[PDB]
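Visitor: Protein chains in written order, with our numbering: chain A, 129 to 475; chain B, -4 to 93; chain C, 16 to 155; chain D, 3 to 109; chain E, 993 to 1451; chain F, 400 to 447; chain G, 4 to 323; chain H, -6 to 50.
Idealized CB from N, CA, C, for every residue including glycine.
Provided herewith is a single structure, encoded as structure tokens, for subsequent inquiry.
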Ligand SMILES: CCCCCCCCCCCCCCCCC[C@@H](O)O[C@H](CO[C@H](O)CCCCCCCCCCCCCCC)COP(=O)(O)OCC[N+](C)(C)C
Ligand SMILES: CCCCCCCCCCCCCCCCC[C@@H](O)O[C@H](CO[C@H](O)CCCCCCCCCCCCCCC)COP(=O)(O)OCC[N+](C)(C)C
Ligand SMILES: CCCCCCCC/C=C\CCCCCCCC(=O)O[C@H](COC(=O)CCCCCCC/C=C/CCCCCCCC)COP(=O)(O)OCCN
Ligand SMILES: Nc1ncnc2c1ncn2[C@@H]1O[C@H](COP(=O)(O)OP(=O)(O)O)[C@@H](O)[C@H]1O
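Structure below.
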């Protein structure tokens, strides 16, 4: 599309998220969600093909249903208390419907079904934006009303999200579906600490955002969307495959990498409130995410797959467009474990 | 909590269930969304008028406006989907599978 | 809801075997119906009759498993004269696993179910004794 | 079946190269004779001459920080004292009972 | 402690800035110098410890392991020099970088005044080992091996982390000194039973225990020679160090809980020693021998007596050196024959006499011939277990007999008899290999002169 | 003499639509290399 | 200021550069026909830029220095081997065909980039369109298998679905006995071995498929040997006709911007020429791939980016 | 026969690693096998909403 139009749409998405974040009125939060949804669709349909249109319409359906449920919860909360301010929810299942609407917006289980579909349909840049920036507003709203959640429902949905992401990532060959299931699992990890510490939720969100940005921008640099297509990258850019494998190891939660920091902290926080069984189950389930990350690493850098004759020509050319923030993203997603106590900055 | 509010919430729940059944005709999904919107408008209007929240009289109109815009967007999407297949059948969108 | 949990937990472990069996059967039927609903929603097998047959099969299997587990767990606890012992729950769980295997007609699955259920039931009894919280309320 | 019976374009598996044919006195370190000889020399000098001998001499003559001779002399002076006064060598109680306050049972 | 850590870190820029044909020389020289520096830690005291700072402390349990870890790197470089000849300079530098990172992680792990830092480095050792196994392994099974070597470990270690943080929520600290000085008895409760299991199984999977030993033959057979050496010599001892450090808070629950693991180890040493008798693979045989020896070390740690701890320390050091030497010998055979099967290359004493002498010495020291430190550890553990129960002596005697049997079987099958006729590519042994075996074996016979240097903090 | 590296047969395991093909998912086909699928004016007669 | 969204936003619009003489033309003909002469004369008379027919080392002429690289580092195939042993065991024929198609794709991208950036028209020999005819002939003569043509069709679809076809297609029609005579007179020993059936198959694939398919979206000027001699008549025919049936008239500023961003960044142009479909003729194993890539890296000015090669003579490296 | 093949190569392998692989593979096949029909997903969402409304209060 026109670069001016694309810039305007991106700024409108950001402005909707910011309106959700800075407002104290429920109607304004709903308006910000509506603005973000309105400006998001053409970004998902930049490259015109039937798959992109299908993904966009699925995303629109899910987000519109979530917005209607959110407004319904707001209306019930207003009925049982003449309050518009975003505070304690003041009521039963009105809060349940608010939690369900925010879970559908975030993609938490059992409302996770749209994430792999939309991520596979859209391109890599649209997937990057969808899996990174579209989590800030619902997570902020959840953090604001985190004193109101029913811990049983939130913890059940978080555990279901972790289990579903771990199990669904095992069966995937397409990279975008792998990213979607990884996002589902990481959201499950994020929302299981909301009742206890929102600071840990924000730290996990920051780490996941950095790691996902590095992952998606590496995938964009080596333009592959499939496991076998990614298996050809070693014959042109071995350093990209090595950085990709290190990033994948970080995403698996392996110490001393950065991806270990959130889970660790979360587990610690969870043991401060006499919760022992659920952190253990969460770690045993994250082992599955680690397994399919390790399989991708095997196919990517640790082994040399067969190539094609035409690749020789690609040896004579260089990438014209370069991402400036990729080295910083890789370093941040890999080597900031020693700086853990800085989480006191209430990130 | 009176009975008219219960009836309106029951209408909202029925519209949501109809949206979630998905027999065919994505247009029916859009219709269910608009029915849920109408229920929300009616009940918010009743709550605001009953308690004489004078300023909150802005809220219904706004809602309406925004939601109607959503409908337009949805309609547009439907057209493009039809422009690929000629019909708005739900089962035609099976190219993506989890 | 928690009504079935209260009904099962209120009865003493070593007394009223039939009441415990009934509560366990009710819980098993509920979870079987829920699983059948999930399966039907995700996968419509062929038709209404096949769907209701699958629902009945799943529900009666789960109800039988719950019944067998409850009777064995209660009978073992009563005869051994040592209430609040996870070993009885293990045996009850083991018996339940065996009946599932007999239903599905596989020695391996039956054997596998017996070992796993025995472990899960013992863990649940241990958590009841020690007050382990699966869903911990926010403390600090 | 017009297939070439070749799955792909593969280099033939090379034969192992012997360091003794191109260089007798090969030491098994490198193909370059100078780098080979100097690798052998540095390995031998820093492994056998420096670490194995000087480190062994250093460990052998480590000062008595475990206090073995100190403990022996302490024991000799203590037993000399106790034999002289007739005290019954080592006591059964490590800590004197008068400084311990037992809890009275009164059962 | 930084006087050892900083040079190890500086090994990386020096390796990456070295000339294309001077990486091995520089790495070997500076690793040997770092080992000479690390020798200073052996001057311990009968008092508490060598507490350098709030982060790192030394002990006469930590010091021998640190010295062995530093000494192993030059040998690993010398053995890897052979099969990496046809490799690009960047990949050789990456291999050396992996080795240096492994050494740094082990050095920081063995001091580790705090338990969470110990856990972080104890798992940090995983990544370089996994990369080395799955990148520079020869066969197609290496990938599978790597998976095993990873997941087993994590299956034991993720619960431990939970337990660790739980302890810090109750005790208030995880410092080793505060943990020892403020230790309180563990009540016999189900919660305490599962805390014991979580604290223990992470280290018991790394020894490994007899029931959990499946990953070890795969990882040892599939890894390159340096990977095999670092796995058999140091990485197996991390579990023993962890159990020795963590059993302080587990008393008196250890008395009841130790029975299943004692039975598993006492029967598994016999089982694995018998397995060694029928083996068509040299590396698999050496791996199963390692399993048997670490089963004995597990028995020693579980019995929890001063003689048990001294014998266990001595046996870990001795087994590390001996197993590394055995793997090196098998690798020297493989680099000539390219098969790694015991029965194919025969009668090698006639063709390589000095290598046969090295084989004989390695087999003798694996067979626990007195007064070698192998025998010292074996005998101390046996005496402590006899004091524990007089019926253990039957199992230990059986293990000794089978150990002698399979050690001499491995020696006779490869060195004695008639040479294979068609195998004609057996060149004379290089100076590098003979120097490698000499540098493996001389420290053992020097340490038998001063056993108290490797007898641990309970000496 | 040489380190083993994956061949065509090994690589073809990862070329399916999903991992672990089943009887139900055997008929699934990988998506196109570019995310584009084949797409697969009226007349009026004004008479008297 | 390298071209991108910023340049388009500020001033850079390519519609104002079009001055009704761009008119990309491709000249097609059989083997040993005088299509190159006609293309050169057309380019000279109409003031356009001529593109010589893409060969094995066309890509080498555009990167680094223009000198061609080694055959094993660039193409891994030879036309002389195809002429000698068209049924060779190592699958050289389809490797040659695929490399030549990819070279034509790169050349078409370069020509489109020049047309869109300068406005000056271009003249081309056989393009990505009509490249299939050789493939077709190679299939009927038994030189290549059906899997080869299936892979070619997949790659051709995915690649060529992104470009605008040429404005005018010029065809030079010559009978088979005549170019057999011309081939004999040429003097190339490898060209003497071309059979009459192969040339007949090429000519049949041209007329049966290429001209009818280009007729509904391009304008075709069928010419014989005699009336292709005079380029004045050809140029007069080019100038008289006006193109209003192809996809060019409906293009606008944003479509041109997308096409210009696509034709730049040749790595994305060649993206689908290496799809992970394993045909024994073209697939290369890990060990040979590693060795050949390492050899390519050891080339003088190829280890680093074009401006960061000290051995070639680049200075001020530490401040770039 | 017993120590090497029966226990080490078969049963110790059957218990921990092989059973885990089998269970995880079966669960992955079950979870990931969705035909992409929003009808089934929406019905499941409705069932979940009803279950949560009837269970968590
Ligand atoms: C080839 C055939 C033989 C030819 C040579 C003939 C000569 C033979 C003599 C050699 C052996 C025969 C035995 C003679 C023994 C004399 C030496 C012995 O008495 O000294 C020992 C000393 O040896 C050392 O204690 C042991 C060596 C140190 C071991 C460290 C290894 C070196 C570091 C390299 C890296 C380590 C890798 C392994 C990690 C742990 C014991 O000393 P100690 O009774 O106490 O007190 C010494 C004096 N004090 C009282 C002042 C302190
Ligand atoms: C796979 C290769 C080996 C892997 C590692 C194996 C080692 C782990 C084995 C764990 C050791 C035993 C666990 C618990 C030991 C407690 C002692 C108990 O067994 O004895 C009786 C306990 O009675 C019964 O055993 C009760 C438990 C029965 C249920 C446990 C399952 C039994 C077999 C399961 C083994 C499967 C292990 C692997 C799981 C995947 C004593 O009766 P009681 O006085 O009342 O209890 C005393 C403890 N109190 C005081 C805290 C209450
Ligand atoms: C090599 C692979 C083997 C895998 C290792 C398995 C052994 C580890 C044990 C299983 C996990 C338990 C982790 C416990 C973490 C320590 C924390 C703790 O002990 O605190 C207890 C917590 O105890 C528990 O909650 C235990 C519940 C266990 C739930 C998960 C069970 C996992 C499967 C267990 C069956 C296997 C048992 C033997 C395994 C041996 C290895 C094969 C007290 O809880 P609170 O409520 O805070 O105390 C107040 C009331 N007194
Ligand atoms: N697609 C192709 N496949 C195989 N060979 C080709 C292909 N395209 C061109 N060639 C070869 O390029 C050579 C030059 O073509 P031609 O037009 O006959 O000569 P000239 O350049 O003198 O006009 C010819 O020998 C022809 O075979």
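Using only alpha-carbon positions, find the residue among E/1394, E/1396 and E/1335 that is nearest to residue 1412 of chain E.
Guide: Minimum Cα distance to residue 1412 of chain E is reached at E/1335.
Visitor: Mind listing, in chain order, the continuous alpha helix (DSSP H) runs of no fewer than 4 residues lying wholly within the region 146 to 231 of chain G?
Guide: Segments of the alpha helix (DSSP H) lying fully in the region 146 to 231 of chain G: 149 to 163, 179 to 189, 199 to 208 and 214 to 218.
Visitor: Ends of the beta strand (DSSP E) at residue 1305 of chain E?
Guide: Careful: residue 1305 of chain E lies outside any beta strand (DSSP E), inside the alpha helix (DSSP H) at 1298 to 1329.
Visitor: Starting from residue 1168 of chain E, follow the alpha helix (DSSP H) in both directions and report where the run begins and ends.
Guide: 1168 to 1173 is the extent of the alpha helix (DSSP H) around residue 1168 of chain E.
Visitor: According to DSSP, is residue 127 of chain G helix, strand or coil?
Guide: Note: residue 127 of chain G maps to strand in three-state DSSP.
Visitor: Taking just the CA atoms, how far does residue 139 of chain A sit from residue 442 of chain A?
Guide: In a straight line, the C-alpha of residue 442 of chain A is about 36 Å away from that of residue 139 of chain A.
Visitor: Less than 6 Å between C-beta atoms, sequence neighbours within five positions excluded: which residues of the same chain meet that for residue 72 of chain G?
Guide: Closer than 6 Å at the Cβ level, and outside the excluded window around residue 72 of chain G, lie 63.
Visitor: Return yes when the C-beta of residue 50 of chain D is under 7 Å from any heavy atom of ligand 2, and no when it is not.
Guide: No, since every heavy atom of ligand 2 falls outside the 7 Å radius drawn around the Cβ of residue 50 of chain D.
Visitor: When you get a sec, list the residues whose CB is within less than 5 Å of any heavy atom of ligand 2, chain order please.
Guide: Spelled out in chain order, the answer is C/101, C/102, C/105, C/137, E/1180, E/1182, E/1203 and E/1252.
Visitor: Using a Cβ-Cβ distance cut-off of 8 Å, determine whether residue 280 of chain A contacts chain C.
Guide: Output row for residue 280 of chain A: interface = yes.
Visitor: What would DSSP say about residue 301 of chain G, mapped onto helix, strand or coil?
Guide: In the structure shown, residue 301 of chain G sits in coil (DSSP, three-state: anything other than H, G, I, E or B).
Visitor: Just to make sure I have the definition right: I need the residues of chain E whose C-beta is within less than 7 Å of the C-beta of residue 10 of chain C. Which are they?
Guide: This structure does not reach residue 10 of chain C, given that chain C is present from 16 up to 155, and the question cannot be answered.
Visitor: Under 8 Å Cβ-Cβ, which residues of chain E neighbour residue 449 of chain F?
Guide: Residue 449 of chain F lies beyond the stretch modelled for chain F, which goes from 400 to 447, so this question has no answer here.
Visitor: Considering residue 1022 of chain E, what are the terminal residues of the beta strand (DSSP E) in which it resides?
Guide: Careful: residue 1022 of chain E lies outside any beta strand (DSSP E), inside the alpha helix (DSSP H) at 1015 to 1030.
Visitor: Check whether the Cβ of residue 45 of chain D sits closer than 7 Å to any heavy atom of ligand 1, and report yes or no.
Guide: Outside the cutoff, so no.
Visitor: Decide if residue 72 of chain D is buried, meaning its Cβ has at least 16 other Cβ atoms within 10 Å, or exposed.
Guide: With fewer than 16 Cβ atoms within 10 Å of its Cβ, residue 72 of chain D is classed as exposed.
Visitor: Rounded to the nearest angstrom, what separates residue 1437 of chain E and residue 1043 of chain E at their Cα positions?
Guide: One C-alpha to the other measures close to 31 Å.
Visitor: Compare the C-beta of residue 1266 of chain E against all C-beta atoms of chain H and say whether one is closer than 8 Å.
Guide: Yes, because at least one Cβ of chain H sits closer than 8 Å to the Cβ of residue 1266 of chain E.
Visitor: Are residue 294 of chain G and residue 38 of chain D closer than 8 Å when you measure CB to CB?
Guide: No, Cβ-Cβ distance for residue 294 of chain G and residue 38 of chain D is not below 8 Å.
Visitor: Taking C-beta pairs closer than 7 Å, name the residues in chain B that residue 249 of chain A reaches, listed in chain order.
Guide: Ordered by position in chain B, the residues that pass the 7 Å Cβ test against residue 249 of chain A are 91.
Visitor: What span of residues does the alpha helix (DSSP H) with residue 74 of chain C cover, start to end?
Guide: First-last of the alpha helix (DSSP H) with residue 74 of chain C: 63 to 95.
Visitor: Determine the direct distance from the alpha carbon of residue 1199 of chain E to that of residue 1233 of chain E, and round the result to whole angstroms.
Guide: Answer to the nearest angstrom: the Cα atoms are 10 Å apart.
Visitor: Hey, residue 1310 of chain E and residue 1366 of chain E are a contact pair by Cβ (cut 8 Å); roughly how many whole angstroms apart?
Guide: The pair is a contact, with the Cβ atoms about 4 Å apart (cut-off 8 Å).
Visitor: Take the Cβ of residue 519 of chain A as the centre, count every other Cβ of all protein chains shown within 10 Å, and call the residue buried at 16 or more, exposed below.
Guide: Any answer about residue 519 of chain A is impossible in this case: the structure gives chain A only from 129 up to 475.
Visitor: Nearer than 7 Å: is that true of the beta carbon of residue 131 of chain C relative to any heavy atom of ligand 3?
Guide: No.
Visitor: What do you reckon, is the C-beta of residue 148 of chain C under 7 Å from a heavy atom of ligand 6?
Guide: Summarising the ligand content, the structure contains ligand 1, ligand 2, ligand 3 and ligand 4 and does not contain ligand 6.
Visitor: Against chain C, which members of the region 400 to 431 of chain A pass a CB distance test of less than 9 Å?
Guide: Cβ contacts with chain C: 400, 401, 402, 403, 404, 405 and 406.
Visitor: Compare the C-beta of residue 396 of chain A against all C-beta atoms of chain E and say whether one is closer than 8 Å.
Guide: Yes, residue 396 of chain A lies at the interface with chain E (some Cβ there is under 8 Å from its Cβ).
Visitor: Just reading off the alpha helix (DSSP H) that residue 33 of chain C is part of, what are its end residues?
Guide: 32 to 57 is the extent of the alpha helix (DSSP H) around residue 33 of chain C.
Visitor: Please tell me whether residue 148 of chain C has its Cβ less than 8 Å away from any Cβ of chain A.
Guide: Cβ-Cβ to chain A under 8 Å: yes for residue 148 of chain C.
Visitor: Among the candidates A/213, A/360 and A/171, whose CA atom is the shortest distance from the CA of residue 154 of chain A?
Guide: Of the candidates A/213, A/360 and A/171, the one whose C-alpha sits nearest the C-alpha of residue 154 of chain A is A/213.
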